[PDB]
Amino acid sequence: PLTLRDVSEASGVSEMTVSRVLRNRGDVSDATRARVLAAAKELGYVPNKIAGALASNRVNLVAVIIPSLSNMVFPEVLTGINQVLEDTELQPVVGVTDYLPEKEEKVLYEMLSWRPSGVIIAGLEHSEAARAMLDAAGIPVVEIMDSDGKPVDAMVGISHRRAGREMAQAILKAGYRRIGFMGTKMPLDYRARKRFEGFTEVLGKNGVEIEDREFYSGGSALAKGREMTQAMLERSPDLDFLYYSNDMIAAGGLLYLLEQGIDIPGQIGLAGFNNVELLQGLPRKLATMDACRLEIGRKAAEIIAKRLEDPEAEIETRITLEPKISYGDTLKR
């Protein structure tokens, strides 16, 4: 339970003092200061830093609202965020939405009621109520991962539309026909859907129609990649190329194909998305594209950091990154 009337018995000081020192209030000699502070540090007493008004006087909490920590996209984004804010000032905290508009709305509401200093949130699609909240927050807001839309305030991401188009072009160039696509967390993941639309736009444009497609509404996973790939290949045995919404499922498909002794890319080419580290420990190098996860995280915390230092900041807020396709050895012939 421990409280103030306890820092006194140790600090041995009146009652009055303790406060005047904990929040840098009065003068108090350089000795009486580190006198009570060190007394409370022995007890484990931590000053109440939240007791305070609405905006203007906010807590050092930076709200990081993302869809999932189960893939391997955001763990890296958060790592970027931390490095930048590690310059002890603001404290990043993560809230998970599971891609549900409804839960994103409920989570942002909760965190906003705590009066944070900043908000870093994933994607550009939100419910009407959630969008209204990000608009009426008197604090900086950085929407991350996607730049195929209209940001509320700040933005840092890549164009998923492009990601899809580029991959489709490289595959057409490489000479594949009879494609086939597999994606997870659909239709909830708006970015994966955009990548698929970019892909689709180019193929049709060149008179090509995807031969087969498999969409799973649940989460990404290695097992799911093996399952979908084997199911699709039995359904459409003559496909020469498989495009996955992400590296994880692609990895699962890779291991299944190799296990079946199929020639990659001789018979079948493959490509995924995100360029996660896990790709470096596989027997073959999967074609993919870097989602720029680390940089997006560092840059997002970079904005919020400046904004809070110099209100009149006056610096770039909407950043669009353009990663390149890592070809590996599963696409080019």
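Throughout, we count residues from 1 along the sequence that is shown.
Undergrad: Between 17-25 and 306-314, name whichever shows the higher mean Cα B factor according to the PDB entry.
TA: Per the PDB entry, the higher value belongs to 17-25.
Undergrad: Hey, which bit's got the bigger mean C-alpha B factor in the entry, 78-86 or 238-246?
TA: That would be 78-86.
Undergrad: Based on what the PDB entry reports, which of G297, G44, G281, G266 has the top C-alpha B-factor?
TA: It is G44.
Undergrad: Quick one: classify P92 as lowest, middle or highest third of the chain based on its Cα B-factor.
TA: It belongs to the middle third of the chain when residues are ordered by C-alpha B-factor.
Undergrad: Classify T200 as lowest, middle or highest third according to the C-alpha B-factor given in the PDB entry, relative to its own chain.
TA: According to the entry, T200 has a C-alpha B-factor in the chain's middle third.
Undergrad: Report the third (lowest, middle or highest) to which the CA temperature factor of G118 belongs, ranking only the modelled residues of the same chain.
TA: Middle third.
Undergrad: Compared with the other modelled residues in the chain, in which third is the CA B-factor of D146?
TA: It falls in the middle third of the chain.
Undergrad: Place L54 in the lowest, middle or highest third of its chain's C-alpha B-factors, as listed in the PDB entry.
TA: It falls in the top third of the chain.
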